[PDB]
Amino acid sequence: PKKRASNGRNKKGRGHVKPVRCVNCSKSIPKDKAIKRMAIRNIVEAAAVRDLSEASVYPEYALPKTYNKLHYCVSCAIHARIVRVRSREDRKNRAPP
Amino acid sequence: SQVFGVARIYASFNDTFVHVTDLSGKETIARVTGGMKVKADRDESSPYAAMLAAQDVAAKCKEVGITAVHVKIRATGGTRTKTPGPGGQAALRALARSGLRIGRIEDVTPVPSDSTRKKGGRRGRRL
Amino acid sequence: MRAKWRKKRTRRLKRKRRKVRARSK
Amino acid sequence: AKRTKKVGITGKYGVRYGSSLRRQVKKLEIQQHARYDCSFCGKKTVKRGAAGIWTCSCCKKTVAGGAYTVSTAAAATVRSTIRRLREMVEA
Amino acid sequence: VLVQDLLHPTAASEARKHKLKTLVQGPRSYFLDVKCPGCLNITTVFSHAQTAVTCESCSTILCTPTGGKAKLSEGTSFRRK
Amino acid sequence: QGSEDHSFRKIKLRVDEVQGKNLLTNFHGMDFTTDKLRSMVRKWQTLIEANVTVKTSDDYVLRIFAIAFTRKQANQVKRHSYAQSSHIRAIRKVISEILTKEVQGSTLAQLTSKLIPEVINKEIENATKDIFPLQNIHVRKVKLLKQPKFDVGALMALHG
Amino acid sequence: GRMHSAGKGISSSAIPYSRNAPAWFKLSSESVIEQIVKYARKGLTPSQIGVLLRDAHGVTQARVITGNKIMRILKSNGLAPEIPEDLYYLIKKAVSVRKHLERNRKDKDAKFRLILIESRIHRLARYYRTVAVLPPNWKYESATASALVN
Amino acid sequence: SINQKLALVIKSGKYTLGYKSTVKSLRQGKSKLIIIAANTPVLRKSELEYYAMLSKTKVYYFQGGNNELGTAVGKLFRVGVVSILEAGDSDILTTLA
Amino acid sequence: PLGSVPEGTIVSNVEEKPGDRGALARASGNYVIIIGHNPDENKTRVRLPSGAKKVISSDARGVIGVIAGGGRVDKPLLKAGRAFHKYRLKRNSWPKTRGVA
RNA sequence: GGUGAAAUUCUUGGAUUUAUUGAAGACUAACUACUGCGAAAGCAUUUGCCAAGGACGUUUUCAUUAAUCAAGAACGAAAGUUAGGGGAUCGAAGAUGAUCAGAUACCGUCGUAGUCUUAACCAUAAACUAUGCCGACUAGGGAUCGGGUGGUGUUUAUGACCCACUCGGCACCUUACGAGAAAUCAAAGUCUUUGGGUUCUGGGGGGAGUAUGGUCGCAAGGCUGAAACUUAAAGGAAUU
Ligand SMILES: [Zn+2]
Ligand SMILES: [Zn+2]
Ligand SMILES: [Zn+2]
């Protein structure tokens, strides 16, 4: 049956948009469908920057940070990312916390 | 007071490149791979096999005059899959062992304004 | 089977009912 | 009446020579016998002279064009490519 | 809601109604007096106007048509008449 | 500079002639760094791009850009905050008037001097009052096309 | 129901309730016969003359200033055209787009509506023949369109 | 958009069509604002605008050619050059420049 | 000449050595593409219509654009006669009979 | 290089990383969303030109001009087909390194037709919202795009933003004492209290979209399309 209301892909009243391909398995999915997420990390390890960057004149220069936007798919998300199932009557929220 | 090289590592997947150059670019200095130091081919992504690569890279450069450097890292880059791996986090600490002089640590992974579609088929490389 | 490959078998015998039934006068 | 259904000009040849040896021809000489737009008057007064010569019956202007047209497909991209090139030296 | 008095409504409903769905439908536009800043005569231009009709002697400006109400936009008045 | 919070506006420098073991580079253009653009992108806002070709006092014909996102203004209730989308092709021609009209003119000793303290962005504060004020607007790139030839003459204005 | 596109709105007008109206106006009909025929030496576009007086003068409807509609007004003094008011504009839209179709010619999307609006050209034509406001059998083809619309 | 601007010249005043009737008018100054096509042979593109410089009138260069100026005046054949005699109620003669 | 053109242009009828008065790209509808200069060592690279490359000097002449009359191979000769009319103008190399005969 | 590991291949014929660049074709990322335009398939870089379309304002204009359609027509993603062009990337057919008792299957490197376009062609798809169009009623709310109105509102006359609205959109949420076999539903409601118009379709599964013709297509193939014989269930929904 119609196991979800908007069963696929957050798409009502337009038909078709374009596909955008997954990163690790490289399956093709339409960009409205599978997965949004931003993945900001950093660009340094555990820094210990007071003697990592005492060498760095113009002191520390950045607080350096990179941005990455990702596109998983349905068929590879539940083999890394921790959802893997949800029950019947709890599939309703949209904010992550 | 200082003189700046450009470290500019290449920590892609299944490899690790690192070579200081002049900022002119067309006078490079002493590239070193994941295959230079240790040989098992499992060791292309170990931490301590990635630190030895920048180890021989660093003290070879001080013998020429490279005191200060400009680290400006690079992942796979482009439509090649864009994310830093086990080298850029790890082997940059192997420039901290010399007390060598750092700066400007962000990436130059090139950005496709989407073009010339990827590989692995439409359906994707299922295992 | 799947109905994608039942249809492939019943489409490449229409190049046999069309061919050998035709010259058989 | 209608004369012929799908044969067209190739009733000239008749029963012989095959199908695709007559299909591929007949698309091409309708680009050869027929008139065009003479760009030096606007009127439809240009017809073939020879192997790649397209003269006009008025206006006395001859256009050296392709074999079965006055401007071919490969001829289209070069004339764009030339005034690509005239504004890396002028503008 | 189970009961009303549809023939005798309140007063704050008709302003929340439309041109086309009242009890007996009528317009929202209204004929309107403007005299020019220059001339003395009144041409009865109304604010839900069209193409920029102006006074017959000095046709400087009296109304500018928009997607909705045309406007006076300068000088004299609107009476409401 | 040493005034470090101009950590954006990356510069390439045309090295041209070696002036007797003290080689003095000539101007080439400007980039951003490759993440100051990306550190400004954000959902629920609107974007723009624009460009032109343009001459100068000589014919260093160059192709500048301009990017400008959209501010969350005061007293917002919506999250969206999107502009008109017919004003987008009304902002992108007026901003492509001012980035033109400073140039065609603007010698590379005064287009250079205008481009360092970002005088040009203050004009959009003062002339894009029309449709939306803006958030951060910058010029983001200048790259040449037609350096005429080697030009040993006018290079000598740049020295100590 | 809009019959050609999927709109549903009501963007129309609503005539006031009063017949006798508007209890302010000056001298009646006997100056307003030719006051619109005066403008009608300019052609004119006949349904447009109700809206060019209205935004300037109090004329509000043809029911108020005189007791006749502006077909029965305009025809009697010898003005009304052969193809009067809408089908003249509707085939003017038909002849305008076919000129566009003799150029670029790749428009499969834009000659779609020319098979759509010419289903409207025929429909209002054979209403006008049924009431015999236009004489029957009505030779209509887009070959001689510009000699018919002009 | 001067194509609508030419579409009311003909209904408001007097004009000519073709080559000879234009240069029939320039030799007594009754012409104003001759209009020129683009694929006219450039001898006669210049052979009339020489004396048009001498007969005080102004010139316009319509971007299309012979078979494009025909529809922008109302007729259904070619017209190379249009002189307009009087356009006393028209948005042309002052609106240029 | 091919030093007075910049890169990317599409020339034909150029000459191999300067003085040859046209030797290559003379056929019915071909072209030689310039595929790279160098200001010093004044010999330009080109792109010949079959798969070979070539280095010639900048003093080589050359017309711009593809030769007209091209695109004629598409119609079949399609009978014996108007193939026989074609060779009769050029040379005697027709009919070419076979070697197992 | 390459994956979990290994190699074909490329290697002191200087590769792979680099720097100054050019080209060549395809593609317009990041914004890009419970948002738009389009009849439907579809449509995201700038500008110009061409004509078109929905919405709203109306105290213009005609006065039943209308709904749904057999026959008959236009458009109609991808792969195809004919013949040209440019052939970067991917890449059925194929060859190859490994895995496999077994691989011409998955994986890895190469790779032809295609991919793009111009003239022409078939008319099929999960062409899905698995929900034929028109009309009129019956709950409450919050957002959202577009138009309009009104607010002594903010920002500095204008624009944007707020507020109260209103009309047409895409939907959503809360419930429905109604409907439904249930899942579910503002319509699948106003239906054994059994009638608002109108088009199309289906009668147990297999045989079978098959055979026979008709008919279209150059072709793959499409539309129309039975029967002999065989069997007592194939299915839908939710429970443990
Ligand atoms: Zn993937
Ligand atoms: Zn001619
Ligand atoms: Zn006035």
# chains A, B, ... in the order shown; residues from 1 in each chain; ligands from 1

$ residues_near_ligand --ligand "ligand 3" --cutoff "7 Å" --atoms "only C-alpha atoms (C1' of nucleotides) and all ligand atoms" --output "list in words"
residues 54, 55, 56, 57, 58, 59, 60 and 61 of chain E

$ select_by_dssp --residues "stretch 9-51 of chain D" --states "strand (DSSP E)" --output "PyMOL selection string"
chain D and resi 46-50

$ write_last_selection --atoms "N, CA, C and O atoms" --output "CSV table (one decimal), in the first residue's frame"
chain,number,residue,atom,x,y,z
D,46,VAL,N,17.7,31.8,-56.9
D,46,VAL,CA,19.0,31.1,-57.0
D,46,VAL,C,18.9,29.6,-57.2
D,46,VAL,O,18.0,29.0,-56.6
D,47,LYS,N,19.6,29.1,-58.2
D,47,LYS,CA,19.6,27.7,-58.5
D,47,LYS,C,21.0,27.3,-58.9
D,47,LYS,O,21.9,28.1,-59.1
D,48,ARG,N,21.2,25.9,-59.0
D,48,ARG,CA,22.5,25.4,-59.2
D,48,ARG,C,23.1,25.7,-60.5
D,48,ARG,O,22.4,25.7,-61.6
D,49,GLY,N,24.4,26.0,-60.6
D,49,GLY,CA,25.1,26.2,-61.8
D,49,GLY,C,26.0,24.9,-62.1
D,49,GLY,O,26.0,24.4,-63.2
D,50,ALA,N,26.7,24.5,-61.1
D,50,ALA,CA,27.7,23.4,-61.3
D,50,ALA,C,27.9,22.7,-60.0
D,50,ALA,O,27.1,22.8,-59.0

$ residues_around --residues "stretch 49-64 of chain A" --least-positions-apart "2" --cutoff "10 Å" --atoms "only C-alpha atoms (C1' of nucleotides)" --output "ChimeraX atom specification"
/A:42-47,66 /B:2,68-70,93,95-97,99-107 /F:2-5,7,35

$ select_by_dssp --residues "chain F" --states "helix (DSSP H, G or I)" --output "PyMOL selection string"
chain F and resi 38-40+88-101+111-115+121-127+154-157

$ write_last_selection --atoms "N, CA and C atoms" --output "short mmCIF file (atom, residue, chain, number, x, y, z; two decimals), in the first residue's frame"
data_model
loop_
_atom_site.label_atom_id
_atom_site.label_comp_id
_atom_site.auth_asym_id
_atom_site.auth_seq_id
_atom_site.Cartn_x
_atom_site.Cartn_y
_atom_site.Cartn_z
N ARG F 38 32.46 29.88 -0.09
CA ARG F 38 31.71 28.78 0.48
C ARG F 38 31.37 28.99 1.93
N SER F 39 32.13 29.80 2.66
CA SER F 39 31.76 30.12 4.04
C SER F 39 30.64 31.14 4.13
N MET F 40 30.13 31.62 3.00
CA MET F 40 29.00 32.53 2.99
C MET F 40 27.71 31.88 2.52
N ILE F 88 15.55 40.51 -9.67
CA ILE F 88 16.86 39.89 -9.83
C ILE F 88 17.47 40.27 -11.18
N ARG F 89 16.66 40.34 -12.22
CA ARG F 89 17.13 40.93 -13.47
C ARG F 89 16.87 42.43 -13.54
N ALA F 90 16.64 43.06 -12.39
CA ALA F 90 16.75 44.50 -12.26
C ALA F 90 17.91 44.91 -11.36
N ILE F 91 18.32 44.05 -10.43
CA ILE F 91 19.54 44.34 -9.68
C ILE F 91 20.77 44.00 -10.52
N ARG F 92 20.70 42.92 -11.33
CA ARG F 92 21.91 42.42 -11.97
C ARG F 92 22.32 43.26 -13.17
N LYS F 93 21.51 44.24 -13.57
CA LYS F 93 21.94 45.16 -14.61
C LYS F 93 22.38 46.50 -14.05
N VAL F 94 21.82 46.91 -12.91
CA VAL F 94 22.28 48.15 -12.28
C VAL F 94 23.63 47.92 -11.60
N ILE F 95 23.83 46.74 -11.01
CA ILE F 95 25.15 46.44 -10.47
C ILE F 95 26.12 46.22 -11.63
N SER F 96 25.63 45.72 -12.76
CA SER F 96 26.47 45.66 -13.96
C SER F 96 26.41 46.96 -14.75
N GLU F 97 25.91 48.03 -14.14
CA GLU F 97 26.27 49.36 -14.62
C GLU F 97 27.44 49.92 -13.82
N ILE F 98 27.45 49.72 -12.50
CA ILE F 98 28.45 50.39 -11.68
C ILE F 98 29.80 49.67 -11.77
N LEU F 99 29.79 48.35 -11.93
CA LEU F 99 31.06 47.68 -12.16
C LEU F 99 31.59 47.94 -13.55
N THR F 100 30.73 48.30 -14.50
CA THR F 100 31.24 48.83 -15.75
C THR F 100 31.75 50.25 -15.57
N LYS F 101 30.88 51.18 -15.15
CA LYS F 101 31.13 52.62 -15.24
C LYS F 101 32.32 53.11 -14.41
N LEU F 111 42.58 51.44 -10.77
CA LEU F 111 41.68 50.32 -10.52
C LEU F 111 42.24 49.44 -9.41
N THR F 112 43.56 49.29 -9.37
CA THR F 112 44.23 48.62 -8.26
C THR F 112 43.94 49.32 -6.94
N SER F 113 44.11 50.64 -6.91
CA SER F 113 43.95 51.39 -5.67
C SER F 113 42.49 51.47 -5.24
N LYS F 114 41.54 51.37 -6.18
CA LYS F 114 40.15 51.30 -5.75
C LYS F 114 39.81 49.93 -5.18
N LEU F 115 40.51 48.88 -5.61
CA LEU F 115 40.04 47.53 -5.34
C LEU F 115 40.51 47.02 -3.98
N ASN F 121 32.02 48.43 -2.92
CA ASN F 121 30.89 47.79 -2.24
C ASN F 121 30.04 48.80 -1.48
N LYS F 122 30.62 49.94 -1.09
CA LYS F 122 29.86 50.98 -0.42
C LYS F 122 28.89 51.69 -1.36
N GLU F 123 29.11 51.58 -2.67
CA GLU F 123 28.20 52.19 -3.63
C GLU F 123 26.90 51.40 -3.74
N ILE F 124 26.97 50.08 -3.56
CA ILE F 124 25.78 49.23 -3.58
C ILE F 124 24.94 49.44 -2.33
N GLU F 125 25.60 49.74 -1.21
CA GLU F 125 24.92 50.26 -0.02
C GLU F 125 24.15 51.55 -0.33
N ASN F 126 24.62 52.33 -1.30
CA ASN F 126 24.06 53.64 -1.58
C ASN F 126 23.22 53.69 -2.84
N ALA F 127 23.30 52.68 -3.72
CA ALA F 127 22.53 52.69 -4.95
C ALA F 127 21.67 51.45 -5.16
N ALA F 154 55.88 51.37 -19.28
CA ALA F 154 55.04 51.74 -18.15
C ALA F 154 55.20 50.83 -16.95
N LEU F 155 56.04 49.79 -17.03
CA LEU F 155 56.30 48.96 -15.87
C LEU F 155 57.13 49.69 -14.83
N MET F 156 57.91 50.69 -15.25
CA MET F 156 58.90 51.34 -14.40
C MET F 156 58.29 52.29 -13.38
N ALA F 157 56.97 52.51 -13.41
CA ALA F 157 56.32 53.26 -12.35
C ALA F 157 56.25 52.47 -11.05
#

$ interface_residues --of "chain G" --to "chain J" --cutoff "7 Å" --atoms "only C-alpha atoms (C1' of nucleotides)" --output "ChimeraX atom specification"
/G:1,7,9,11,13,15-16,47-48,50-51,60,97,100,108,112,115,124,127

$ write_last_selection --atoms "N, CA, C and O atoms" --output "PDB file, in the first residue's frame"
ATOM      1  N   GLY G   1     -15.474  27.024 -16.345  1.00  0.00           N
ATOM      2  CA  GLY G   1     -14.683  25.829 -16.572  1.00  0.00           C
ATOM      3  C   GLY G   1     -13.439  26.054 -17.413  1.00  0.00           C
ATOM      4  O   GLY G   1     -12.600  25.158 -17.517  1.00  0.00           O
ATOM      5  N   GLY G   7      -7.376  27.052 -15.163  1.00  0.00           N
ATOM      6  CA  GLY G   7      -7.755  28.054 -14.194  1.00  0.00           C
ATOM      7  C   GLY G   7      -9.141  27.798 -13.640  1.00  0.00           C
ATOM      8  O   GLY G   7      -9.928  27.032 -14.188  1.00  0.00           O
ATOM      9  N   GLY G   9     -10.457  30.736 -11.421  1.00  0.00           N
ATOM     10  CA  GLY G   9     -10.776  31.959 -10.715  1.00  0.00           C
ATOM     11  C   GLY G   9     -11.924  32.729 -11.334  1.00  0.00           C
ATOM     12  O   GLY G   9     -12.428  32.414 -12.410  1.00  0.00           O
ATOM     13  N   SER G  11     -12.195  36.473 -12.140  1.00  0.00           N
ATOM     14  CA  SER G  11     -11.701  37.836 -12.276  1.00  0.00           C
ATOM     15  C   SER G  11     -12.644  38.557 -13.231  1.00  0.00           C
ATOM     16  O   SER G  11     -12.355  38.722 -14.415  1.00  0.00           O
ATOM     17  N   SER G  13     -16.514  41.307 -13.290  1.00  0.00           N
ATOM     18  CA  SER G  13     -17.093  42.547 -12.802  1.00  0.00           C
ATOM     19  C   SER G  13     -18.397  42.262 -12.073  1.00  0.00           C
ATOM     20  O   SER G  13     -18.928  41.152 -12.115  1.00  0.00           O
ATOM     21  N   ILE G  15     -21.771  44.654 -11.809  1.00  0.00           N
ATOM     22  CA  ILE G  15     -22.745  45.731 -12.024  1.00  0.00           C
ATOM     23  C   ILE G  15     -23.568  46.016 -10.774  1.00  0.00           C
ATOM     24  O   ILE G  15     -24.030  45.070 -10.120  1.00  0.00           O
ATOM     25  N   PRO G  16     -23.742  47.282 -10.382  1.00  0.00           N
ATOM     26  CA  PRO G  16     -24.586  47.603  -9.223  1.00  0.00           C
ATOM     27  C   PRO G  16     -26.044  47.214  -9.423  1.00  0.00           C
ATOM     28  O   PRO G  16     -26.516  46.941 -10.528  1.00  0.00           O
ATOM     29  N   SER G  47     -16.145  47.884 -28.244  1.00  0.00           N
ATOM     30  CA  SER G  47     -16.301  47.578 -26.828  1.00  0.00           C
ATOM     31  C   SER G  47     -15.345  48.375 -25.955  1.00  0.00           C
ATOM     32  O   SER G  47     -15.553  48.468 -24.740  1.00  0.00           O
ATOM     33  N   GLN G  48     -14.305  48.956 -26.548  1.00  0.00           N
ATOM     34  CA  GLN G  48     -13.393  49.781 -25.779  1.00  0.00           C
ATOM     35  C   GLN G  48     -14.002  51.138 -25.459  1.00  0.00           C
ATOM     36  O   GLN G  48     -13.522  51.824 -24.550  1.00  0.00           O
ATOM     37  N   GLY G  50     -16.784  51.850 -24.088  1.00  0.00           N
ATOM     38  CA  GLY G  50     -17.430  51.879 -22.793  1.00  0.00           C
ATOM     39  C   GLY G  50     -16.469  52.129 -21.650  1.00  0.00           C
ATOM     40  O   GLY G  50     -16.886  52.570 -20.577  1.00  0.00           O
ATOM     41  N   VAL G  51     -15.179  51.852 -21.854  1.00  0.00           N
ATOM     42  CA  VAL G  51     -14.235  51.919 -20.742  1.00  0.00           C
ATOM     43  C   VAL G  51     -13.379  53.179 -20.840  1.00  0.00           C
ATOM     44  O   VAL G  51     -12.748  53.599 -19.862  1.00  0.00           O
ATOM     45  N   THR G  60     -21.698  55.236 -16.656  1.00  0.00           N
ATOM     46  CA  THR G  60     -21.303  53.929 -16.130  1.00  0.00           C
ATOM     47  C   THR G  60     -21.687  52.706 -16.961  1.00  0.00           C
ATOM     48  O   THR G  60     -20.847  51.832 -17.196  1.00  0.00           O
ATOM     49  N   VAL G  97      -0.061  34.561 -34.975  1.00  0.00           N
ATOM     50  CA  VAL G  97       0.828  33.483 -34.559  1.00  0.00           C
ATOM     51  C   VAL G  97       1.282  32.666 -35.763  1.00  0.00           C
ATOM     52  O   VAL G  97       2.374  32.083 -35.750  1.00  0.00           O
ATOM     53  N   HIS G 100       4.368  33.984 -37.002  1.00  0.00           N
ATOM     54  CA  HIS G 100       5.490  33.498 -36.208  1.00  0.00           C
ATOM     55  C   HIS G 100       5.852  32.070 -36.584  1.00  0.00           C
ATOM     56  O   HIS G 100       7.002  31.648 -36.421  1.00  0.00           O
ATOM     57  N   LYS G 108       7.078  22.956 -31.626  1.00  0.00           N
ATOM     58  CA  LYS G 108       5.998  22.004 -31.420  1.00  0.00           C
ATOM     59  C   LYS G 108       5.102  22.415 -30.265  1.00  0.00           C
ATOM     60  O   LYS G 108       3.937  22.009 -30.224  1.00  0.00           O
ATOM     61  N   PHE G 112       0.968  24.016 -30.948  1.00  0.00           N
ATOM     62  CA  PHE G 112      -0.048  23.336 -30.150  1.00  0.00           C
ATOM     63  C   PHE G 112      -1.229  24.248 -29.878  1.00  0.00           C
ATOM     64  O   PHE G 112      -2.383  23.826 -29.946  1.00  0.00           O
ATOM     65  N   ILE G 115      -3.573  24.819 -32.907  1.00  0.00           N
ATOM     66  CA  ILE G 115      -4.648  23.852 -33.110  1.00  0.00           C
ATOM     67  C   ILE G 115      -5.668  24.004 -31.991  1.00  0.00           C
ATOM     68  O   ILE G 115      -6.778  23.465 -32.064  1.00  0.00           O
ATOM     69  N   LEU G 124     -17.017  30.158 -32.394  1.00  0.00           N
ATOM     70  CA  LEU G 124     -17.743  31.424 -32.379  1.00  0.00           C
ATOM     71  C   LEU G 124     -18.219  31.828 -33.764  1.00  0.00           C
ATOM     72  O   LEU G 124     -19.129  32.655 -33.882  1.00  0.00           O
ATOM     73  N   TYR G 127     -21.503  29.935 -34.139  1.00  0.00           N
ATOM     74  CA  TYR G 127     -22.581  30.547 -33.375  1.00  0.00           C
ATOM     75  C   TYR G 127     -23.153  31.738 -34.126  1.00  0.00           C
ATOM     76  O   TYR G 127     -24.374  31.909 -34.206  1.00  0.00           O
TER      77      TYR G 127
END

$ residues_near_ligand --ligand "ligand 1" --cutoff "10 Å" --atoms "only C-alpha atoms (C1' of nucleotides) and all ligand atoms" --output "PDB file with N, CA, C and O atoms, in the first residue's frame"
ATOM      1  N   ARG A  21      23.879  12.170  -8.291  1.00  0.00           N
ATOM      2  CA  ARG A  21      24.379  10.834  -8.005  1.00  0.00           C
ATOM      3  C   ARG A  21      25.011  10.744  -6.621  1.00  0.00           C
ATOM      4  O   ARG A  21      25.620  11.698  -6.130  1.00  0.00           O
ATOM      5  N   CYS A  22      24.862   9.571  -6.001  1.00  0.00           N
ATOM      6  CA  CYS A  22      25.380   9.295  -4.668  1.00  0.00           C
ATOM      7  C   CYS A  22      26.906   9.306  -4.656  1.00  0.00           C
ATOM      8  O   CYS A  22      27.563   9.224  -5.694  1.00  0.00           O
ATOM      9  N   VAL A  23      27.471   9.399  -3.458  1.00  0.00           N
ATOM     10  CA  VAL A  23      28.907   9.627  -3.334  1.00  0.00           C
ATOM     11  C   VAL A  23      29.699   8.322  -3.253  1.00  0.00           C
ATOM     12  O   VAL A  23      30.718   8.174  -3.931  1.00  0.00           O
ATOM     13  N   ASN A  24      29.252   7.333  -2.479  1.00  0.00           N
ATOM     14  CA  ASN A  24      30.054   6.138  -2.241  1.00  0.00           C
ATOM     15  C   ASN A  24      29.658   4.957  -3.115  1.00  0.00           C
ATOM     16  O   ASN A  24      30.531   4.294  -3.678  1.00  0.00           O
ATOM     17  N   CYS A  25      28.368   4.676  -3.246  1.00  0.00           N
ATOM     18  CA  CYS A  25      27.921   3.631  -4.149  1.00  0.00           C
ATOM     19  C   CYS A  25      27.647   4.149  -5.550  1.00  0.00           C
ATOM     20  O   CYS A  25      27.575   3.341  -6.478  1.00  0.00           O
ATOM     21  N   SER A  26      27.500   5.472  -5.704  1.00  0.00           N
ATOM     22  CA  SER A  26      27.270   6.168  -6.980  1.00  0.00           C
ATOM     23  C   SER A  26      26.001   5.704  -7.688  1.00  0.00           C
ATOM     24  O   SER A  26      25.934   5.698  -8.917  1.00  0.00           O
ATOM     25  N   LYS A  27      24.993   5.311  -6.921  1.00  0.00           N
ATOM     26  CA  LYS A  27      23.661   5.108  -7.462  1.00  0.00           C
ATOM     27  C   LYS A  27      23.069   6.450  -7.881  1.00  0.00           C
ATOM     28  O   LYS A  27      23.384   7.494  -7.306  1.00  0.00           O
ATOM     29  N   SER A  28      22.213   6.427  -8.896  1.00  0.00           N
ATOM     30  CA  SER A  28      21.563   7.641  -9.361  1.00  0.00           C
ATOM     31  C   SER A  28      20.212   7.801  -8.682  1.00  0.00           C
ATOM     32  O   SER A  28      19.371   6.901  -8.749  1.00  0.00           O
ATOM     33  N   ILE A  29      20.010   8.942  -8.032  1.00  0.00           N
ATOM     34  CA  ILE A  29      18.747   9.264  -7.370  1.00  0.00           C
ATOM     35  C   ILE A  29      18.322  10.673  -7.761  1.00  0.00           C
ATOM     36  O   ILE A  29      19.181  11.531  -7.998  1.00  0.00           O
ATOM     37  N   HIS A  71      25.272  13.788  -0.600  1.00  0.00           N
ATOM     38  CA  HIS A  71      24.092  13.167  -1.193  1.00  0.00           C
ATOM     39  C   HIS A  71      24.294  11.668  -1.039  1.00  0.00           C
ATOM     40  O   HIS A  71      25.010  11.058  -1.835  1.00  0.00           O
ATOM     41  N   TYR A  72      23.668  11.071  -0.035  1.00  0.00           N
ATOM     42  CA  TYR A  72      23.662   9.619   0.070  1.00  0.00           C
ATOM     43  C   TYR A  72      22.561   9.073  -0.830  1.00  0.00           C
ATOM     44  O   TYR A  72      21.961   9.794  -1.631  1.00  0.00           O
ATOM     45  N   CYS A  73      22.264   7.792  -0.714  1.00  0.00           N
ATOM     46  CA  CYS A  73      21.053   7.290  -1.326  1.00  0.00           C
ATOM     47  C   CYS A  73      20.274   6.546  -0.263  1.00  0.00           C
ATOM     48  O   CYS A  73      20.650   6.519   0.908  1.00  0.00           O
ATOM     49  N   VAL A  74      19.170   5.945  -0.682  1.00  0.00           N
ATOM     50  CA  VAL A  74      18.389   5.105   0.213  1.00  0.00           C
ATOM     51  C   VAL A  74      19.110   3.789   0.490  1.00  0.00           C
ATOM     52  O   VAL A  74      19.171   3.327   1.634  1.00  0.00           O
ATOM     53  N   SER A  75      19.732   3.208  -0.529  1.00  0.00           N
ATOM     54  CA  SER A  75      20.266   1.862  -0.430  1.00  0.00           C
ATOM     55  C   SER A  75      21.615   1.791   0.266  1.00  0.00           C
ATOM     56  O   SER A  75      22.080   0.682   0.541  1.00  0.00           O
ATOM     57  N   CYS A  76      22.257   2.924   0.556  1.00  0.00           N
ATOM     58  CA  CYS A  76      23.530   2.912   1.262  1.00  0.00           C
ATOM     59  C   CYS A  76      23.510   3.691   2.568  1.00  0.00           C
ATOM     60  O   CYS A  76      24.519   3.693   3.279  1.00  0.00           O
ATOM     61  N   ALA A  77      22.404   4.359   2.902  1.00  0.00           N
ATOM     62  CA  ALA A  77      22.370   5.173   4.111  1.00  0.00           C
ATOM     63  C   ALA A  77      22.336   4.308   5.360  1.00  0.00           C
ATOM     64  O   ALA A  77      22.973   4.628   6.368  1.00  0.00           O
TER      65      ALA A  77
ATOM     66  N   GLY B 120      31.048   4.418 -12.693  1.00  0.00           N
ATOM     67  CA  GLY B 120      30.334   3.471 -11.876  1.00  0.00           C
ATOM     68  C   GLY B 120      28.943   3.160 -12.363  1.00  0.00           C
ATOM     69  O   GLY B 120      28.151   2.590 -11.607  1.00  0.00           O
ATOM     70  N   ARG B 123      23.358   2.805 -12.279  1.00  0.00           N
ATOM     71  CA  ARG B 123      22.812   2.118 -11.118  1.00  0.00           C
ATOM     72  C   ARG B 123      23.771   2.113  -9.941  1.00  0.00           C
ATOM     73  O   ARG B 123      23.331   1.944  -8.802  1.00  0.00           O
ATOM     74  N   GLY B 124      25.052   2.314 -10.182  1.00  0.00           N
ATOM     75  CA  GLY B 124      25.986   2.373  -9.082  1.00  0.00           C
ATOM     76  C   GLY B 124      26.735   1.071  -8.897  1.00  0.00           C
ATOM     77  O   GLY B 124      26.254  -0.012  -9.244  1.00  0.00           O
ATOM     78  N   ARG B 125      27.944   1.172  -8.346  1.00  0.00           N
ATOM     79  CA  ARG B 125      28.781  -0.006  -8.120  1.00  0.00           C
ATOM     80  C   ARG B 125      28.314  -0.730  -6.859  1.00  0.00           C
ATOM     81  O   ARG B 125      28.842  -0.579  -5.759  1.00  0.00           O
ATOM     82  N   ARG B 126      27.273  -1.528  -7.037  1.00  0.00           N
ATOM     83  CA  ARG B 126      26.874  -2.493  -6.026  1.00  0.00           C
ATOM     84  C   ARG B 126      27.968  -3.539  -5.841  1.00  0.00           C
ATOM     85  O   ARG B 126      28.733  -3.841  -6.760  1.00  0.00           O
TER      86      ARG B 126
END
